[PDB]
Undergrad: 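First the structure, which I've put down as structure tokens, then a few questions once you've had a look.
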Amino acid sequence: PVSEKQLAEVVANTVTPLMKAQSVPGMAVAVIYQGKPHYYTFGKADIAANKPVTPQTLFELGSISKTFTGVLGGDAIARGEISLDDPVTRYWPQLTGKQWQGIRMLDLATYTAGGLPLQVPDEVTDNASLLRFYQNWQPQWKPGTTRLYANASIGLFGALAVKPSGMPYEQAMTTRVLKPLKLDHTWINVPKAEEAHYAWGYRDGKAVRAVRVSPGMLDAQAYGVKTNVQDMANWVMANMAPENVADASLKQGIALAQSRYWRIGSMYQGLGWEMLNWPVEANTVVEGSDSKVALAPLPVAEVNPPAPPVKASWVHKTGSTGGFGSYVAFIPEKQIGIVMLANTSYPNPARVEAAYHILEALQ
Ligand SMILES: *C(=O)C1=CN=C(C(=O)O)CS[C@H]1c1cn2c(n1)COCC2
């Protein structure tokens, strides 16, 4: 098997050319191998201040936030608070438009409601205006027919999924997912004392960080998760090996998020997480990551009933913000995984290629 020495070489020999080519100021990587995380840090968290990346540097996860949403929703299912087969309207009775009949919580969670757009528009500034948006929405497709990746879909799922708990999303997430997993440096809102750890993002040479949206059902979730490479490694480990998670509903929620709900070409949609059967070749995964494909409306095949987690899977998620680019992938059958956090948003295919190359060294 590969030694720790060899693994360190593989990671450096992969990441250093990638950062040069993609002009990445700083990256934190964790590889999960032989039951533990291995950490590698590169470059700068803050160029002007000459602060290096460390295992405590906070990065913006962007859309990898959706994996936390998915698990939180799974946990709520396992508690009996929601069911994926319930109508959206069960959790939002004020949503009276008849276009919503036949749209399930599952459809919101997995982007199959029938054309909810990528973004919630900026006109949406509060709950009254969020309601007007969803009430006015005209589906382009029937439910359960077309996948269109969308913050307006899973964001609403997250907001509604926590309603029975009585907690807002940020508090539900922290209480039910983060704290039990000891992810104690994972934030929506970075506390003031934690600010020294927060990297700057870089976009066309400008230092940038995430903004917020207007207050409401989606605020905390849109502001997106920030975390360091250690917490993210432990997040990957929990999702790779939920058998080691003691809380019964959270263990089940992790499994629900890695279940297969829909097939779309060579991939399968989970709750937040996406999956391909393992073995998979690099070009399959890399080509599917291009935004011309990843953001396209594509036909789905229902997996009814949902398939529970398949150990021989490539499980992954990309996520970006204006200044950050991150990627996570793991293969439960092999008990290997990787986290790559960077403070520039560089092309998703390049992230997948590097992650694949590193994990390939370990099988
Ligand atoms: C997730 O990583 C993600 C979410 N969705 C959108 C979007 O709502 O516009 C686009 S794909 C991706 C994303 C979001 N941002 C970027 N990429 C780049 O920085 C701006 C925010």
Side-chain angles (χ1 to χ4, degrees), residues 62-67 69-70 73-74 84-85 88 99-121 133-134 137-158 256-291 293-310 312-320 325-329 331 345 347-353 355-356:
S63 296
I64 300 170
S65 302
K66 291 182 177 82
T67 66
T69 305
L84 292 173
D85 289 331
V88 172
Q99 71 278 30
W100 286 93
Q101 184 187 38
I103 304 182
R104 298 172 290 162
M105 288 286 277
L106 175 64
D107 298 303
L108 284 185
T110 57
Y111 322 118
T112 59
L116 285 170
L118 179 62
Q119 309 184 334
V120 182
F133 167 67
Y134 288 109
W137 168 71
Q138 296 184 238
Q140 171 151 8
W141 297 285
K142 300 175 298 293
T145 67
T146 298
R147 178 181 180 281
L148 180 64
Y149 186 89
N151 287 8
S153 187
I154 192 171
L156 181 60
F157 170 75
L256 291 167
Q258 264 172 76
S259 300
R260 292 108 171 278
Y261 295 93
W262 307 96
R263 184 175 71 78
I264 315 86
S266 49
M267 58 80 48
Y268 303 81
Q269 185 64 53
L271 314 175
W273 293 112
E274 300 171 22
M275 292 78 64
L276 301 88
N277 295 334
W278 181 262
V280 67
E281 304 266 52
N283 57 353
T284 299
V285 192
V286 171
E287 293 177 13
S289 70
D290 193 275
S291 56
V293 180
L295 297 187
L298 298 171
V300 299
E302 195 177 22
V303 185
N304 186 214
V310 176
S313 298
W314 176 276
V315 186
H316 70 159
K317 190 67 182 80
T318 51
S320 306
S326 299
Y327 181 62
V328 300
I331 305 169
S345 180
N348 287 323
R351 308 181 197 183
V352 176
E353 194 89 87
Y356 191 96

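One-based numbering along the sequence shown. Any value given below was found using the heavy atoms of this structure, including those in side chains, with hydrogens, waters and symmetry copies removed.
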Undergrad: Please check this pair: side chain of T145 against backbone of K142, looking for a donor-acceptor N/O pair closer than 3.5 Å.
TA: yes
Undergrad: With heavy-atom distances below 4.5 Å as the criterion, would you say the side chains of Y134 and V120 are in contact?
TA: yes
Undergrad: Under 4.5 Å between any side-chain heavy atoms of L84 and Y261, yes or no?
TA: yes
Undergrad: If you compare all heavy atoms of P308 against all heavy atoms of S259, which two are closest, and at what distance to 0.1 Å?
TA: CA-OG, 3.7 Å
Undergrad: I need the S313 OG to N277 CG distance, nearest 0.5 Å.
TA: 6.0 Å
Undergrad: Any chance you could measure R260, atom CZ, to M267, atom CE, to the nearest 0.5 Å?
TA: 9.5 Å
Undergrad: Between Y327 and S289, does any side-chain donor sit less than 3.5 Å from a side-chain acceptor?
TA: no
Undergrad: As an exercise, state the distance from CZ of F157 to OG1 of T69, rounded to the nearest 0.5 Å.
TA: 8.5 Å
Undergrad: Can you see which heavy atom on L156 is nearest to which on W100, and at what distance?
TA: CD2-CH2, 4.4 Å
Undergrad: Return the minimal non-hydrogen interatomic distance between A109 and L271, and the atom names on each side.
TA: CB-CD2, 3.9 Å
Undergrad: Less than 4.5 Å apart, side chain to side chain, heavy atoms only: is that true for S291 and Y149?
TA: no
Undergrad: Is the shortest side-chain heavy-atom distance between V285 and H316 below 4.5 Å?
TA: yes
Undergrad: When rounded to the nearest 0.5 angstrom, what distance separates CG in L148 from CG in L118?
TA: 7.0 Å
Undergrad: Which label fits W278 and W314: parallel for a plane angle under 30°, tilted from 30 to 60°, or perpendicular past 60°?
TA: parallel
Undergrad: Determine the minimum heavy-atom distance between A152 and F133, stating which atoms define it.
TA: CB-CE2, 4.2 Å
Undergrad: Rounded to the nearest 0.5 Å, what separation is found between the CD1 atom of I154 and the OG1 atom of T67?
TA: 9.0 Å
Undergrad: Under 4.5 Å between any side-chain heavy atoms of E287 and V293, yes or no?
TA: no
Undergrad: Donor-acceptor check, side chain of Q269 to backbone of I264, threshold 3.5 angstrom: yes or no?
TA: no
Undergrad: CD of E302: more than 12 outside heavy atoms within 6.0 angstrom?
TA: yes
Undergrad: Is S345 close to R351 at the side-chain level, that is, under 4.5 Å between some pair of heavy atoms?
TA: yes
Undergrad: CG of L276 to CD1 of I331: how many Å apart, nearest 0.5 Å?
TA: 10.5 Å
Undergrad: Just so I know, are the side chains of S320 and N348 near enough to count as touching, which here means a heavy-atom distance under 4.5 Å?
TA: yes
Undergrad: For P143, which of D107, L106, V88, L108 qualifies under side-chain contact (heavy atoms from CB on, under 4.5 Å)?
TA: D107
Undergrad: I want to check something: taking the side chain as every heavy atom from C-beta on, are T110 and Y268 in contact at a cut-off of under 4.5 Å?
TA: no
Undergrad: Of all the heavy-atom pairs spanning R147 and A294, show the shortest one and how long it is.
TA: NH1-O, 3.9 Å
Undergrad: For residues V300 and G144, report the shortest heavy-atom separation together with the two atoms involved.
TA: CG2-O, 3.4 Å
